[PDB]
Amino acid sequence: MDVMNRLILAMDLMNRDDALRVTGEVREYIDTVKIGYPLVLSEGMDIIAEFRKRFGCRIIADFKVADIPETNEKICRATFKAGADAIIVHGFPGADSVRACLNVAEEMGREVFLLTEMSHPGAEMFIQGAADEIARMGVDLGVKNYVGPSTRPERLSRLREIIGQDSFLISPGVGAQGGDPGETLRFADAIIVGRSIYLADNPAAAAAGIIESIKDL
Amino acid sequence: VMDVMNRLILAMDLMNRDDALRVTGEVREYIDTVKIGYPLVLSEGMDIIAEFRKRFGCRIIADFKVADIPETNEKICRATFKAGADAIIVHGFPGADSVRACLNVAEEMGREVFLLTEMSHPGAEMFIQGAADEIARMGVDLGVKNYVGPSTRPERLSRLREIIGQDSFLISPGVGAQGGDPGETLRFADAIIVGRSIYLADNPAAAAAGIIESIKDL
Ligand SMILES: O=c1cc(O)n([C@@H]2O[C@H](COP(=O)(O)O)[C@@H](O)[C@H]2O)c(=O)[nH]1
Ligand SMILES: O=c1cc(O)n([C@@H]2O[C@H](COP(=O)(O)O)[C@@H](O)[C@H]2O)c(=O)[nH]1
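(A) Broad picture of the overall build of chain B. Across its full length, chain B holds 10 helices and eight strands. Against the compact-globule benchmark of 17 Å for 218 residues, chain B has a radius of gyration of 16 Å, which places it among compact chains. Considering chain B as a whole, with its 218 residues, one finds that 61% of them fall into the buried category. Counting only contacts in chain B whose residues sit at least 6 apart along the sequence, the fraction spanning at least 24 positions is 67%. For chain B, the exposed surface amounts to about 8300 Å²; the carbon and sulfur share of it is 43%. Charge centroids of chain B, computed over 24 positive and 33 negative side chains, lie 3 Å from each other.

So, in structure tokens, the structure goes:
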């Protein structure tokens, strides 16, 4: 996946007008947008096609799929029918639940991103201790796309070691949560940035600033 | 705790509005509590919650297995309750802060949170099972009153009930299609969640009636 400027916009605004306006203001800096439930549950799944029609950007559906196999299949099918190019799936629920997603993705020509360790403090309670094994599970399952925490560079580095240089890795927690753009890109192929951009007084300048700080990357 | 008619909750996972409405309407006399998840919501929109409320006199549990960071969890819960959901199901594995975020919104908005501890599918044994007892204990410490546990593992469901106490409300999926037995599950759960056994039956109403007949003494 070729992500422009190694920067993925996490569009979590919950108003269609604002989401479209802000995304449009930074369209020259990105070509990949992560759309999650905050926007989808507020404006509907039709928003995905709207983004593709207006920006032609690739869309990653951040739905952190975490159900049983049967339900995961249905969620992925509904998501790809809406036009999403990829979907993010939790690995904690096990291999069968991930495989269900991989199957639908293959059938519809899409990609599955496996979320290993999360970026928030609570991730230390249960997820962190299982993260390395979740990553190895992804490798065993043939997963090629992963999500790891910008807030813990040492953990992000370990994830990269496990999946190898050929795998694709994206990382959230940059900016608002404390992660550094440049440091994160030492291990991740692309950084995910939400609030630092969409809540900034000038989203365009915010995006431009982040890119300037990693221009050598 | 919510008064679930016949201790039976319908897992409405059909993805077609017409079929979902037809089947739910056919079993309306047996169930007053419906669990709506992403298969239906992502196919028909959040307005489906509004339509179910209008068409049926049913309580709605939004099975969204919320599993994000605190900030995003808050937004998901707000949008879900704004749509009319009486309660929302949240994953406990992402940690205490993520669960607390949901509890805070539920408190502010006058709704309820259900904490999913262990899951019913085979894959749950890989990582969730080993953390389930602690996730449940965490829920108790956080003040969680509603929980979700697996019917497919009676021994685990029994332990979960012990951890949360008799006062807590516990609902359990995995009955029917996944192998769980209605009666045995109700030994520990306040209500059973049933999907395919009912919505894929030639006569959903007869399927629901049959399940209820088997647990009549309970
Ligand atoms: O571990 C993870 C996984 C995520 O997808 N995310 C998501 O990435 C985005 C981060 O946004 P922000 O830059 O505003 O903190 C959110 O949409 C969030 O749900 C995260 O923050 N941590
Ligand atoms: O551990 C769990 C948690 C669930 O919510 N569920 C949900 O409960 C329902 C079970 O449906 P069914 O009776 O068709 O197997 C589904 O909507 C599923 O997503 C489950 O099966 N196991």
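(B) Broad picture of the pairing of strand β7 (residues 168-171) of chain A. Residues and elements named next belong to chain A. Burial along β7 is two-sided: the face carrying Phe168 and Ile170 and the face carrying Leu169 and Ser171 are both buried. Two strands pair when backbone bridges link them, and strand β6 (residues 145-147) and β7 are joined in this way by three bridges, in the parallel orientation. Residue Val147 lies in a different strand from β7, and its bridge partner there is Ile170.

(C) Expanded view of the site of ligand 1. As a matter of local geometry, ligand 1 sits amid 16 residues, with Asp12, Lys34, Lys64 and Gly194 of chain A together with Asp68 of chain B nearest to it. Nearby residues place ligand 1 at the junction of chains A and B. Within the side chain of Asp62 of chain A, a nitrogen or oxygen atom sits 3.2 Å from an oxygen atom of ligand 1. Here the residues of the shell around ligand 1 sort into six nonpolar, four polar and six charged.

(D) Quick peek at the site of ligand 2. Taken together, 16 residues sit near ligand 2, with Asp67 of chain A together with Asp13, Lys65, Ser120 and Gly195 of chain B positioned nearest. Taking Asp67 of chain A, its side chain carries an N or O atom lying 2.6 Å from an oxygen atom of ligand 2. Contact distances for ligand 2 include 2.8 Å between an oxygen atom and a side-chain N or O atom of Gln178 of chain B. About the coverage of ligand 2: the protein hides 99% of its 480 Å² of free accessible area. Split into classes, the residues belonging to the shell around ligand 2 amount to six nonpolar, four polar and six charged.

(E) The arrangement of helix α6 (residues 128-142) of chain B in detail. Residues and elements named next belong to chain B. Where α6 bends most, the angle comes to about 30°, and this point is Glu134. Along α6, the residues that are buried comprise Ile128, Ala131, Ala132, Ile135, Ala136, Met138 and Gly139. Buried residues in α6 make contact with α5 (96-109), β5 (112-116), β6 (146-148) and α7 (154-164). Phi for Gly143, located one or two positions after α6, is positive at around 95°.

(F) Region of interest: the pattern of salt bridges. All told, the structure shown has 38 salt bridges over all chains when counted by the stated rule. With a closest N to O distance of 3.3 Å, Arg195 of chain A and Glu71 of chain B form a salt bridge. Here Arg195 of chain A, found in helix α9 (residues 195-198), pairs with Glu71 of chain B, found in helix α4 (residues 70-82), and the two come from separate chains. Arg195 of chain A gets classed as partly exposed once you look at its relative accessible area, which sits at 23%. Residue classification places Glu71 of chain B among the partly exposed positions, given a relative accessible area of 28%. Here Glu26 of chain B makes a salt bridge to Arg22 of chain B, at a shortest N to O gap of 4.0 Å. You can see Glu26 of chain B and its partner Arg22 of chain B sitting in helix α1 (residues 17-26), four residues apart, about one turn around the helix. Several salt bridges share partner residues, and in doing so they unite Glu117, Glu124, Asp132, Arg152, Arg155, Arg158 and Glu161 of chain A into one network.

(G) Examining the side chain of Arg153 of chain B more closely. All names here are of chain B. Looking at the secondary structure, you find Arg153 in the loop between β6 and α7. Given the relative accessible area of 7%, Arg153 is considered buried. Other than its neighbours up to four places away in sequence, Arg153 contacts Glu118, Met119, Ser120, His121, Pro122, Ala124, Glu125 and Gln129.

Scoring rules and cut-offs
- Residues numbered from 1 in each chain as written, not as in the entry; some residues may be left out.
- Chains lettered and ligands numbered in written order.
- Heavy atoms only, no water.
- Helix = DSSP H or I, 4+ residues; strand = E, 2+ residues; numbered from the N terminus.
- Rg over C-alpha atoms; globule rule 2.2 N^0.38 Å.
- Buried < 20%, exposed > 50% of the residue type's maximum accessible area, 1.4 Å probe, protein only.
- Contact = heavy atoms within 4.5 Å.
- Areas by Shrake-Rupley, 256 points an atom, 1.4 Å probe, with all protein chains shown as cover.
- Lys, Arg positive; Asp, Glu negative; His and termini not counted.
- Charge placed at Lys NZ, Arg CZ, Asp CG, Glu CD.
- Pairing = 2+ DSSP bridges.
- Near = heavy atom within 4 Å.
- Polar contact = N/O pair within 3.5 Å; in protein donor to acceptor, adjacent residues only side chain to side chain.
- Nonpolar A, V, L, I, M, F, W, Y, C, P; charged D, E, K, R; others polar.
- Bend = angle between axes of the 7 residues up to and from the residue.
- Salt bridge = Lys/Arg side-chain N within 4 Å of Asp/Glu carboxyl O.

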